[PDB]
Amino acid sequence: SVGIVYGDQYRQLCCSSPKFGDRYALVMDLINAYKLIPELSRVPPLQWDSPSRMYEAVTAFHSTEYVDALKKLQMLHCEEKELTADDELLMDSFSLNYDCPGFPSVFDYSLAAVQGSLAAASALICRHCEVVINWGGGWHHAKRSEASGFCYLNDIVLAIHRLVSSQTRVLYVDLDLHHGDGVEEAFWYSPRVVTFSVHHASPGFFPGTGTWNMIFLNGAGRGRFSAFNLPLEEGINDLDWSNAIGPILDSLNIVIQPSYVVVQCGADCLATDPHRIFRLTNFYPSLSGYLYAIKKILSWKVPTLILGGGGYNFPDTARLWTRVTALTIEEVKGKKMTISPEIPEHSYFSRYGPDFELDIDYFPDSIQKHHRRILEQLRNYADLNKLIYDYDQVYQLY
Ligand SMILES: O=C(CS)NCCCCCC(=O)Nc1ccccc1
Ligand SMILES: [K+]
Ligand SMILES: [K+]
Ligand SMILES: [Zn+2]
């Protein structure tokens, strides 16, 4: 059974932000136009018995004062009056400004993603679903008391917390163009949540972490060697990115033997993304880096959580996420998903112009040193955590 987080109020809430606009609606409607909905099990978003219950759930990671400030920000944006100098300072102290401004539904919008990823983690725990997808989730940059990189509430950290607290080990894989710092930092001291982020890293590029510092940091305390990072130069194509990540993915599975896999699948690595950093596609034959990674992760047969994230080219993010969805049905259920190369007719068809095709409109030594560093980190992680593994079978992957 493959699960997908959806709801009528959920769709309205995921579409209420000025940054992401109607992206969620485009993703969900392309999946629906492609006749994928009957193949999926709708996972309804989590709801709470009272306000105190909701607060208890969000504050398992986030500070109460931050949740209070984010709710007060929604309230203030629902009134015409401008903010007092004191309310501006208060918001500035939580970084509820710039990339993370207020808007009339800021709190409902960010809580919705938590509701979706928590319900997704639950459907995996009760074994109702083998895999759950949440294209409204994947807000990897949010910190305990700080909004960051368009992320207010870290739905990933909360989903992972619900999974570990259900020895349970979680492997978190972050495919987004940006370093998955919020998730990495949340589990920095815990060996049970191994985080792995592949991303672009360059001087002045957000967030600045997931690369060499002032050395390469990798966790602290009993969590030492438990945070993995692969920073990549701009211009990487599907094949080089796949070859860079592949042996790493397989080796992490063999050594960690995770109980759950949590995959943030941010679509900002696409060649057609306005960032224009990585040259990844959504091509399925010349295979998409995202599709190669997902297929590899699903072949392990470990309960998996697939989440969204970045992706600023809404129709292209929808084309990728629609293919990831179809691949998951095929990999989990074993039934072929024949997806037409032409966009089917639906209310959002005009957005796929001027050609209306499924493929994105695109024509296509440092890694070896990173592989040797990561292999040694993995061995140190295994030694510290008294994990039994065959050194050679893991070395041979690289
Ligand atoms: O795309 C992501 C998340 S997957 N992160 C990119 C980093 C955010 C960019 C920094 C920023 O603060 N931008 C900004 C500044 C003022 C107003 C609006 C946006
Ligand atoms: K990433
Ligand atoms: K960790
Ligand atoms: Zn991103």
# chains A, B, ... in the order shown; residues from 1 in each chain; ligands from 1

$ residues_around --residues "residue 297 of chain A" --least-positions-apart "5" --cutoff "10 Å" --atoms "only C-alpha atoms" --output "list in words"
residues 173, 246, 249, 250, 253, 261, 262, 263, 291, 292, 302, 303 and 304 of chain A

$ select_by_dssp --residues "segment 71-233 of chain A" --states "helix (DSSP H, G or I)" --output "PyMOL selection string"
chain A and resi 71-77+85-92+106-125+155-164+181-186+221-223

$ write_last_selection --atoms "C-alpha atoms" --output "short mmCIF file (atom, residue, chain, number, x, y, z; two decimals), in the first residue's frame"
data_model
loop_
_atom_site.label_atom_id
_atom_site.label_comp_id
_atom_site.auth_asym_id
_atom_site.auth_seq_id
_atom_site.Cartn_x
_atom_site.Cartn_y
_atom_site.Cartn_z
CA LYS A 71 0.50 32.18 16.02
CA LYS A 72 0.56 35.89 17.11
CA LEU A 73 2.05 36.71 13.61
CA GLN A 74 -1.00 35.01 11.93
CA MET A 75 -3.42 36.95 14.24
CA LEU A 76 -1.65 40.30 13.41
CA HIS A 77 -1.71 39.55 9.65
CA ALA A 85 7.72 48.44 16.86
CA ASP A 86 7.64 45.83 19.76
CA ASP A 87 5.89 43.19 17.61
CA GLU A 88 8.44 43.81 14.79
CA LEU A 89 11.36 43.20 17.27
CA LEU A 90 9.64 40.08 18.69
CA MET A 91 9.24 38.63 15.12
CA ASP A 92 12.85 39.59 14.21
CA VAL A 106 1.12 31.70 8.15
CA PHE A 107 0.44 29.49 11.23
CA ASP A 108 -2.30 27.27 9.55
CA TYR A 109 -0.11 26.91 6.43
CA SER A 110 2.96 25.76 8.44
CA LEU A 111 1.05 23.54 10.93
CA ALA A 112 -0.71 21.78 7.96
CA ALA A 113 2.67 20.35 6.80
CA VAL A 114 3.33 19.00 10.40
CA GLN A 115 -0.26 17.56 10.40
CA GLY A 116 0.54 15.82 7.08
CA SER A 117 3.99 14.42 7.92
CA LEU A 118 2.83 13.21 11.39
CA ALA A 119 -0.19 11.42 9.84
CA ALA A 120 2.23 10.01 7.19
CA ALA A 121 4.62 8.71 9.94
CA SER A 122 1.58 7.14 11.76
CA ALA A 123 0.31 5.29 8.64
CA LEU A 124 3.86 3.73 8.43
CA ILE A 125 3.97 2.85 12.20
CA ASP A 155 7.51 18.78 9.80
CA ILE A 156 10.46 16.38 8.99
CA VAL A 157 11.98 16.58 12.52
CA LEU A 158 8.50 15.97 14.02
CA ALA A 159 7.71 12.99 11.65
CA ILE A 160 11.21 11.51 12.50
CA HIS A 161 10.65 12.07 16.26
CA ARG A 162 7.29 10.16 16.00
CA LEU A 163 9.15 7.33 14.09
CA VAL A 164 12.12 6.89 16.55
CA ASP A 181 20.54 21.85 8.27
CA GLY A 182 17.41 21.93 10.51
CA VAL A 183 17.02 18.12 10.45
CA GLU A 184 20.80 17.58 10.77
CA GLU A 185 21.02 19.92 13.84
CA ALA A 186 17.92 18.41 15.55
CA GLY A 221 28.57 13.25 21.53
CA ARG A 222 27.00 9.80 21.00
CA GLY A 223 25.90 11.24 17.62
#

$ residues_around --residues "segment 32-45 of chain A" --least-positions-apart "2" --cutoff "6 Å" --atoms "only C-alpha atoms" --output "VMD selection string"
chain A and resid 2 to 6 29 to 30 115 to 116 119 344

$ write_last_selection --atoms "C-alpha atoms" --output "CSV table (one decimal), in the first residue's frame"
chain,number,residue,atom,x,y,z
A,2,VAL,CA,1.3,3.5,-1.1
A,3,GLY,CA,-0.1,6.4,0.9
A,4,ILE,CA,-0.5,10.1,-0.2
A,5,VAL,CA,-1.3,12.9,2.2
A,6,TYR,CA,-4.3,14.8,0.9
A,29,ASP,CA,-4.0,17.7,-9.9
A,30,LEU,CA,-1.3,16.4,-12.3
A,115,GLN,CA,-0.3,17.6,10.4
A,116,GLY,CA,0.5,15.8,7.1
A,119,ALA,CA,-0.2,11.4,9.8
A,344,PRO,CA,-3.6,15.0,-19.9

$ closest_atom_pairs --of "chain A" --to "ligand 1" --cutoff "12 Å" --atoms "only C-alpha atoms and all ligand atoms" --output "CSV"
residue,atom,partner,partner_atom_place_in_ligand_line,distance
A:18,CA,ligand 1,18 (C),10.5
A:19,CA,ligand 1,18 (C),8.8
A:20,CA,ligand 1,1 (O),10.5
A:95,CA,ligand 1,12 (O),9.5
A:96,CA,ligand 1,12 (O),10.5
A:97,CA,ligand 1,17 (C),7.6
A:98,CA,ligand 1,16 (C),3.8
A:99,CA,ligand 1,19 (C),3.5
A:100,CA,ligand 1,18 (C),7.1
A:101,CA,ligand 1,18 (C),7.9
A:102,CA,ligand 1,18 (C),11.4
A:137,CA,ligand 1,4 (S),11.0
A:138,CA,ligand 1,4 (S),8.3
A:139,CA,ligand 1,4 (S),7.2
A:140,CA,ligand 1,4 (S),7.1
A:141,CA,ligand 1,3 (C),6.9
A:142,CA,ligand 1,3 (C),9.7
A:147,CA,ligand 1,12 (O),10.2
A:148,CA,ligand 1,8 (C),7.2
A:149,CA,ligand 1,8 (C),4.0
A:150,CA,ligand 1,3 (C),5.8
A:151,CA,ligand 1,3 (C),7.2
A:152,CA,ligand 1,3 (C),11.0
A:154,CA,ligand 1,3 (C),12.0
A:174,CA,ligand 1,4 (S),10.2
A:175,CA,ligand 1,4 (S),9.9
A:176,CA,ligand 1,4 (S),6.2
A:177,CA,ligand 1,4 (S),6.8
A:178,CA,ligand 1,4 (S),5.7
A:179,CA,ligand 1,4 (S),8.2
A:180,CA,ligand 1,4 (S),8.3
A:181,CA,ligand 1,3 (C),10.5
A:182,CA,ligand 1,3 (C),11.0
A:199,CA,ligand 1,4 (S),10.3
A:200,CA,ligand 1,6 (C),11.2
A:201,CA,ligand 1,6 (C),11.8
A:204,CA,ligand 1,10 (C),10.2
A:205,CA,ligand 1,7 (C),7.9
A:206,CA,ligand 1,7 (C),5.2
A:207,CA,ligand 1,7 (C),6.8
A:208,CA,ligand 1,7 (C),10.2
A:264,CA,ligand 1,4 (S),9.6
A:265,CA,ligand 1,4 (S),9.6
A:266,CA,ligand 1,4 (S),6.3
A:267,CA,ligand 1,4 (S),8.4
A:268,CA,ligand 1,4 (S),7.1
A:269,CA,ligand 1,4 (S),9.9
A:273,CA,ligand 1,1 (O),10.6
A:274,CA,ligand 1,1 (O),10.5
A:275,CA,ligand 1,1 (O),8.8
A:307,CA,ligand 1,4 (S),11.7
A:308,CA,ligand 1,4 (S),9.1
A:309,CA,ligand 1,4 (S),5.4
A:310,CA,ligand 1,4 (S),3.8
A:311,CA,ligand 1,4 (S),7.2
A:312,CA,ligand 1,1 (O),7.9
A:313,CA,ligand 1,1 (O),11.5

$ closest_residue --among "A:389, A:94, A:55, A:66" --to "residue 255 of chain A" --atoms "only C-alpha atoms"
A:389

$ decode --residues "segment 101-149 of chain A" --atoms "C-alpha atoms" --output "CSV table (one decimal), in the first residue's frame"
chain,number,residue,atom,x,y,z
A,101,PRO,CA,7.3,37.0,6.5
A,102,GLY,CA,3.9,36.8,8.0
A,103,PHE,CA,0.7,36.5,5.9
A,104,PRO,CA,-3.0,35.9,6.9
A,105,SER,CA,-2.6,32.1,7.2
A,106,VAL,CA,1.1,31.7,8.1
A,107,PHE,CA,0.4,29.5,11.2
A,108,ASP,CA,-2.3,27.3,9.5
A,109,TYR,CA,-0.1,26.9,6.4
A,110,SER,CA,3.0,25.8,8.4
A,111,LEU,CA,1.0,23.5,10.9
A,112,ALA,CA,-0.7,21.8,8.0
A,113,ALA,CA,2.7,20.3,6.8
A,114,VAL,CA,3.3,19.0,10.4
A,115,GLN,CA,-0.3,17.6,10.4
A,116,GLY,CA,0.5,15.8,7.1
A,117,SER,CA,4.0,14.4,7.9
A,118,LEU,CA,2.8,13.2,11.4
A,119,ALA,CA,-0.2,11.4,9.8
A,120,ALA,CA,2.2,10.0,7.2
A,121,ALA,CA,4.6,8.7,9.9
A,122,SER,CA,1.6,7.1,11.8
A,123,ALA,CA,0.3,5.3,8.6
A,124,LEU,CA,3.9,3.7,8.4
A,125,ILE,CA,4.0,2.8,12.2
A,126,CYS,CA,0.6,1.0,12.2
A,127,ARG,CA,1.8,-0.8,9.0
A,128,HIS,CA,-1.3,0.5,7.0
A,129,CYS,CA,1.1,1.9,4.3
A,130,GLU,CA,4.5,0.5,3.1
A,131,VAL,CA,5.4,4.1,1.8
A,132,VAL,CA,3.7,7.5,2.4
A,133,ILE,CA,4.1,10.6,0.2
A,134,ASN,CA,3.6,14.2,1.4
A,135,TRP,CA,4.2,16.8,-1.3
A,136,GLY,CA,3.0,19.5,1.2
A,137,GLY,CA,5.9,18.6,3.6
A,138,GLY,CA,9.7,18.7,3.6
A,139,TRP,CA,10.5,21.9,5.5
A,140,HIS,CA,14.1,21.0,6.3
A,141,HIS,CA,15.5,24.4,7.3
A,142,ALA,CA,13.2,25.2,10.3
A,143,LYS,CA,14.9,25.3,13.7
A,144,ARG,CA,13.6,24.9,17.3
A,145,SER,CA,13.1,28.8,17.7
A,146,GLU,CA,13.8,30.0,14.2
A,147,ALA,CA,12.1,30.3,10.8
A,148,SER,CA,14.7,29.7,8.0
A,149,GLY,CA,14.9,29.2,4.2
